[PDB]
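Enquirer: Here you go, this is structure35.json (JSON, C-alpha atoms).
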```json
[["chain", "number", "residue", "atom", "x", "y", "z"],
["A", 1, "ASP", "CA", 65.49, 15.17, -31.20],
["A", 2, "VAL", "CA", 63.78, 18.39, -30.17],
["A", 3, "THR", "CA", 61.54, 19.92, -32.84],
["A", 4, "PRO", "CA", 61.45, 23.62, -33.80],
["A", 5, "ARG", "CA", 58.67, 25.75, -32.31],
["A", 6, "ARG", "CA", 57.13, 29.18, -32.73],
["A", 7, "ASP", "CA", 53.69, 30.68, -32.18],
["A", 8, "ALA", "CA", 51.94, 33.79, -30.95],
["A", 9, "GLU", "CA", 53.39, 33.20, -27.51],
["A", 10, "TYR", "CA", 57.20, 33.32, -27.87],
["A", 11, "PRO", "CA", 57.88, 35.14, -31.18],
["A", 12, "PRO", "CA", 56.19, 38.57, -31.09],
["A", 13, "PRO", "CA", 53.65, 38.85, -33.96],
["A", 14, "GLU", "CA", 54.86, 42.41, -34.47],
["A", 15, "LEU", "CA", 58.55, 41.74, -35.02],
["A", 16, "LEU", "CA", 57.46, 38.66, -36.92],
["A", 17, "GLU", "CA", 55.57, 40.65, -39.53],
["A", 18, "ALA", "CA", 58.55, 42.97, -39.86],
["A", 19, "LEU", "CA", 60.92, 40.03, -40.28],
["A", 20, "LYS", "CA", 59.24, 38.34, -43.25],
["A", 21, "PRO", "CA", 59.66, 41.51, -45.33],
["A", 22, "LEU", "CA", 63.16, 42.27, -44.12],
["A", 23, "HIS", "CA", 63.84, 38.68, -45.08],
["A", 24, "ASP", "CA", 62.29, 39.11, -48.50],
["A", 25, "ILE", "CA", 64.55, 42.11, -48.91],
["A", 26, "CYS", "CA", 67.91, 40.47, -48.22],
["A", 27, "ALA", "CA", 66.77, 37.30, -49.96],
["A", 28, "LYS", "CA", 65.78, 39.10, -53.14],
["A", 29, "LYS", "CA", 69.16, 40.75, -52.70],
["A", 30, "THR", "CA", 71.07, 37.55, -52.34],
["A", 31, "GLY", "CA", 69.02, 36.01, -55.13],
["A", 32, "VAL", "CA", 68.45, 33.04, -52.79],
["A", 33, "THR", "CA", 65.00, 31.42, -52.56],
["A", 34, "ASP", "CA", 62.54, 30.99, -49.73],
["A", 35, "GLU", "CA", 63.03, 27.27, -50.18],
["A", 36, "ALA", "CA", 66.66, 27.57, -49.17],
["A", 37, "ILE", "CA", 65.67, 29.91, -46.38],
["A", 38, "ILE", "CA", 62.86, 27.68, -45.14],
["A", 39, "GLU", "CA", 64.83, 24.45, -45.52],
["A", 40, "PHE", "CA", 67.28, 26.13, -43.17],
["A", 41, "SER", "CA", 64.56, 26.90, -40.65],
["A", 42, "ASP", "CA", 61.93, 24.18, -40.91],
["A", 43, "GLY", "CA", 64.14, 21.69, -42.76],
["A", 44, "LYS", "CA", 67.76, 21.30, -41.63],
["A", 45, "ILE", "CA", 71.06, 23.15, -41.86],
["A", 46, "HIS", "CA", 72.12, 23.14, -45.51],
["A", 47, "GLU", "CA", 75.23, 24.67, -47.08],
["A", 48, "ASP", "CA", 73.80, 26.95, -49.77],
["A", 49, "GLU", "CA", 76.60, 29.40, -50.58],
["A", 50, "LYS", "CA", 73.81, 31.89, -51.15],
["A", 51, "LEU", "CA", 72.06, 31.32, -47.86],
["A", 52, "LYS", "CA", 75.39, 32.20, -46.31],
["A", 53, "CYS", "CA", 75.50, 35.45, -48.23],
["A", 54, "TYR", "CA", 71.87, 36.05, -47.46],
["A", 55, "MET", "CA", 72.78, 35.93, -43.81],
["A", 56, "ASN", "CA", 75.74, 38.22, -44.16],
["A", 57, "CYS", "CA", 73.43, 40.44, -46.18],
["A", 58, "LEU", "CA", 71.22, 40.59, -43.11],
["A", 59, "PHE", "CA", 74.00, 41.78, -40.81],
["A", 60, "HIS", "CA", 74.63, 44.77, -43.04],
["A", 61, "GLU", "CA", 70.93, 45.39, -43.64],
["A", 62, "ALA", "CA", 70.16, 45.61, -39.93],
["A", 63, "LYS", "CA", 73.19, 47.88, -39.75],
["A", 64, "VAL", "CA", 74.68, 46.14, -36.69],
["A", 65, "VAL", "CA", 78.31, 45.90, -37.82],
["A", 66, "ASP", "CA", 81.23, 48.28, -38.13],
["A", 67, "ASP", "CA", 82.65, 49.12, -41.54],
["A", 68, "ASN", "CA", 83.63, 45.63, -42.61],
["A", 69, "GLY", "CA", 81.07, 43.28, -41.02],
["A", 70, "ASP", "CA", 82.79, 42.66, -37.68],
["A", 71, "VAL", "CA", 79.35, 42.29, -36.17],
["A", 72, "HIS", "CA", 79.54, 44.65, -33.21],
["A", 73, "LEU", "CA", 78.54, 42.47, -30.27],
["A", 74, "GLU", "CA", 78.00, 45.56, -28.14],
["A", 75, "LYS", "CA", 75.60, 47.04, -30.66],
["A", 76, "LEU", "CA", 73.93, 43.72, -31.33],
["A", 77, "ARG", "CA", 72.89, 43.59, -27.69],
["A", 78, "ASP", "CA", 71.74, 47.20, -27.50],
["A", 79, "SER", "CA", 69.57, 46.38, -30.52],
["A", 80, "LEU", "CA", 67.36, 43.47, -29.44],
["A", 81, "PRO", "CA", 65.12, 44.12, -26.39],
["A", 82, "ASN", "CA", 65.91, 42.63, -22.99],
["A", 83, "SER", "CA", 63.84, 39.66, -24.19],
["A", 84, "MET", "CA", 65.87, 38.36, -27.12],
["A", 85, "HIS", "CA", 68.82, 39.66, -25.16],
["A", 86, "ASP", "CA", 68.41, 37.01, -22.49],
["A", 87, "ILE", "CA", 67.78, 34.30, -25.06],
["A", 88, "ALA", "CA", 70.82, 35.55, -26.90],
["A", 89, "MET", "CA", 73.03, 35.18, -23.87],
["A", 90, "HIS", "CA", 71.87, 31.61, -23.36],
["A", 91, "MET", "CA", 72.65, 30.56, -26.91],
["A", 92, "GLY", "CA", 76.07, 32.20, -26.65],
["A", 93, "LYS", "CA", 76.87, 29.00, -24.79],
["A", 94, "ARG", "CA", 77.97, 27.40, -28.05],
["A", 95, "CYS", "CA", 79.01, 29.98, -30.63],
["A", 96, "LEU", "CA", 81.42, 32.92, -30.31],
["A", 97, "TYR", "CA", 84.06, 31.66, -32.73],
["A", 98, "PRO", "CA", 83.38, 32.44, -36.38],
["A", 99, "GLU", "CA", 85.32, 29.91, -38.42],
["A", 100, "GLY", "CA", 85.37, 30.84, -42.11],
["A", 101, "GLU", "CA", 87.28, 33.44, -44.11],
["A", 102, "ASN", "CA", 84.83, 36.19, -44.95],
["A", 103, "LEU", "CA", 81.57, 37.79, -43.82],
["A", 104, "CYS", "CA", 79.55, 35.24, -45.78],
["A", 105, "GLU", "CA", 81.21, 32.20, -44.21],
["A", 106, "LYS", "CA", 81.24, 33.95, -40.85],
["A", 107, "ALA", "CA", 77.59, 35.04, -40.90],
["A", 108, "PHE", "CA", 76.83, 31.39, -41.47],
["A", 109, "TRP", "CA", 79.04, 30.18, -38.61],
["A", 110, "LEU", "CA", 76.91, 32.06, -36.10],
["A", 111, "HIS", "CA", 73.63, 30.94, -37.62],
["A", 112, "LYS", "CA", 74.71, 27.33, -37.80],
["A", 113, "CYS", "CA", 75.92, 27.89, -34.25],
["A", 114, "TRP", "CA", 72.80, 29.69, -33.07],
["A", 115, "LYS", "CA", 70.72, 26.88, -34.51],
["A", 116, "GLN", "CA", 72.55, 23.94, -32.97],
["A", 117, "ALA", "CA", 72.69, 25.85, -29.69],
["A", 118, "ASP", "CA", 69.03, 25.24, -28.92],
["A", 119, "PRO", "CA", 66.81, 23.98, -31.73],
["A", 120, "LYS", "CA", 63.52, 25.21, -30.28],
["A", 121, "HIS", "CA", 63.63, 29.01, -30.22],
["A", 122, "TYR", "CA", 65.18, 29.46, -33.65],
["A", 123, "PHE", "CA", 62.84, 30.55, -36.45],
["A", 124, "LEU", "CA", 63.63, 32.54, -39.55],
["A", 125, "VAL", "CA", 66.83, 34.22, -38.37]]
```
How does this structure look as structure tokens?
Expert:
Amino acid sequence: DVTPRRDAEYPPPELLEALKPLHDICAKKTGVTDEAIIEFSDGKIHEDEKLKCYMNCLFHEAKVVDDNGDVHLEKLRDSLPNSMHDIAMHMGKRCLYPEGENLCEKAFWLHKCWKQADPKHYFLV
């Protein structure tokens, strides 16, 4: 029911400009297409095997995992500022249980979980 939102008030225009590129990087790496990426953000949650890899590709890119993609939760927190940190703790009220078989499937679990958690603060990632 709730519709996605994002402007120059919640999402910082600075980290936003740095995201697009970072996104273009992993994307071009996963071979995926903005369409798939967008459809996932503006559209709805689709199951594009690539989008899943594109996500996993992000984890590694941002270098926030160990040596296999275990996604260090301790490092993930120390990464985002106290702002996203608080919003990250709120969403945690739904995920925290990667159900897949590999980084790709897992990376997706969280996203699909971080999206259904509260469809209003989610944007590109």
Enquirer: For residue 1 in chain A, work out the shell of residues within 12 Å, counting only C-alpha atoms and skipping chain neighbours fewer than 4 positions away, then give it as JSON, numbers by chain.
Expert: {"A": [116, 118, 119, 120]}
Enquirer: Counting only C-alpha atoms, which residues sit no farther than 12 Å from the position (77.1, 46.7, -31.1) in the file's frame? I'd like them as a list in words.
Expert: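 Residues lying no farther than 12 Å from the given point: residues 59, 62, 63, 64, 65, 66, 69, 70, 71, 72, 73, 74, 75, 76, 77, 78, 79 and 80 of chain A.
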Enquirer: Between CA of residue 50 in chain A and CA of residue 36 in chain A, what is the spacing in Å?
Expert: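 It comes out at 8.6 Å.
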Enquirer: Let me make sure I understand: among A:89, A:98, A:31, A:58, which one has the smallest atom-to-atom distance to residue 19 in chain A if we use only C-alpha atoms?
Expert: A:58
Enquirer: Could you tell me which of A:84, A:27, A:67, A:42 comes closest to residue 15 in chain A if we count all atoms listed in the file?
Expert: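 Using all atoms listed in the file, residue 15 in chain A sits closest to A:84.
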Enquirer: Compare A:49, A:17, A:7, A:99 by their minimum atom-to-atom distance to residue 30 in chain A, counting all atoms listed in the file, and give me the closest one.
Expert: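 Of A:49, A:17, A:7, A:99, the one nearest residue 30 in chain A, counting all atoms listed in the file, is A:49.
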Enquirer: Mind pulling up the distance from CA of residue 25 in chain A to CA of residue 104 in chain A?
Expert: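 CA of residue 25 in chain A lies 16.8 Å from CA of residue 104 in chain A.
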Enquirer: Pick out the closest residue to residue 122 in chain A from this set: A:18, A:103, A:45, A:51. Count only C-alpha atoms.
Expert: A:45
Enquirer: Residues near residue 41 in chain A, anyone? I mean within 9 Å using all atoms listed in the file, not counting same-chain ones fewer than 6 positions away, as a PDB file with C-alpha atoms, keeping the file's coordinate frame.
Expert:
```pdb
ATOM      1  CA  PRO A   4      61.450  23.620 -33.800  1.00  0.00           C
ATOM      2  CA  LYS A 115      70.720  26.880 -34.510  1.00  0.00           C
ATOM      3  CA  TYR A 122      65.180  29.460 -33.650  1.00  0.00           C
ATOM      4  CA  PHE A 123      62.840  30.550 -36.450  1.00  0.00           C
ATOM      5  CA  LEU A 124      63.630  32.540 -39.550  1.00  0.00           C
ATOM      6  CA  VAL A 125      66.830  34.220 -38.370  1.00  0.00           C
TER       7      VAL A 125
END
```
Enquirer: Choose the residue, out of A:121, A:108, A:32, A:114, that has the smallest atom-to-atom separation from residue 47 in chain A; count all atoms listed in the file.
Expert: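 Of all the options, A:108 lies closest to residue 47 in chain A.
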Enquirer: Here is a test: counting only C-alpha atoms, which residue of A:29, A:35, A:53, A:110 is nearest to residue 93 in chain A?
Expert: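 Of A:29, A:35, A:53, A:110, the one nearest residue 93 in chain A, counting only C-alpha atoms, is A:110.
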Enquirer: As an exercise, work out the distance from CA of residue 109 in chain A to CA of residue 26 in chain A in Å and give it to one decimal place.
Expert: 17.9 Å
Enquirer: Start from the incomplete input, build N, CA, C and O atoms for range 13-27 of chain A, and deliver everything as a compact mmCIF listing (two decimals), in the frame of the given file.
Expert:
```txt
# COMPACT_ATOMS: atom_id res chain seq x y z
N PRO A 13 54.29 38.73 -32.65
CA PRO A 13 53.65 38.85 -33.96
C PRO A 13 54.05 40.15 -34.65
O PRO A 13 53.99 40.26 -35.86
N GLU A 14 54.46 41.12 -33.88
CA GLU A 14 54.86 42.41 -34.47
C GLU A 14 56.22 42.29 -35.16
O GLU A 14 56.35 42.57 -36.34
N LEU A 15 57.21 41.88 -34.42
CA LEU A 15 58.55 41.74 -35.02
C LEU A 15 58.53 40.64 -36.06
O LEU A 15 59.37 40.58 -36.93
N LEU A 16 57.56 39.77 -35.95
CA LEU A 16 57.46 38.66 -36.92
C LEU A 16 57.02 39.19 -38.28
O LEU A 16 57.54 38.80 -39.30
N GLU A 17 56.06 40.08 -38.26
CA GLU A 17 55.57 40.65 -39.53
C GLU A 17 56.64 41.53 -40.16
O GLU A 17 56.70 41.67 -41.36
N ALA A 18 57.48 42.10 -39.33
CA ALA A 18 58.55 42.97 -39.86
C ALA A 18 59.73 42.12 -40.35
O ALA A 18 60.53 42.57 -41.15
N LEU A 19 59.81 40.92 -39.86
CA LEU A 19 60.92 40.03 -40.28
C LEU A 19 60.69 39.50 -41.69
O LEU A 19 61.52 39.65 -42.56
N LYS A 20 59.55 38.89 -41.90
CA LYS A 20 59.24 38.34 -43.25
C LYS A 20 59.70 39.29 -44.37
O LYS A 20 60.43 38.88 -45.25
N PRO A 21 59.27 40.54 -44.31
CA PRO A 21 59.66 41.51 -45.33
C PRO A 21 61.17 41.68 -45.33
O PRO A 21 61.82 41.47 -46.33
N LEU A 22 61.70 42.07 -44.20
CA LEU A 22 63.16 42.27 -44.12
C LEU A 22 63.85 41.06 -44.73
O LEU A 22 64.87 41.17 -45.37
N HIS A 23 63.26 39.91 -44.52
CA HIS A 23 63.84 38.68 -45.08
C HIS A 23 63.69 38.69 -46.59
O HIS A 23 64.61 38.35 -47.31
N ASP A 24 62.53 39.07 -47.04
CA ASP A 24 62.29 39.11 -48.50
C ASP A 24 63.23 40.11 -49.15
O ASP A 24 63.56 39.99 -50.31
N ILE A 25 63.63 41.08 -48.37
CA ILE A 25 64.55 42.11 -48.91
C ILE A 25 65.94 41.50 -49.13
O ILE A 25 66.41 41.44 -50.25
N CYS A 26 66.56 41.07 -48.07
CA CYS A 26 67.91 40.47 -48.22
C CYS A 26 67.86 39.31 -49.21
O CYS A 26 68.68 39.21 -50.10
N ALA A 27 66.89 38.45 -49.04
CA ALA A 27 66.77 37.30 -49.96
C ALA A 27 66.80 37.78 -51.40
O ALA A 27 67.68 37.43 -52.16
```
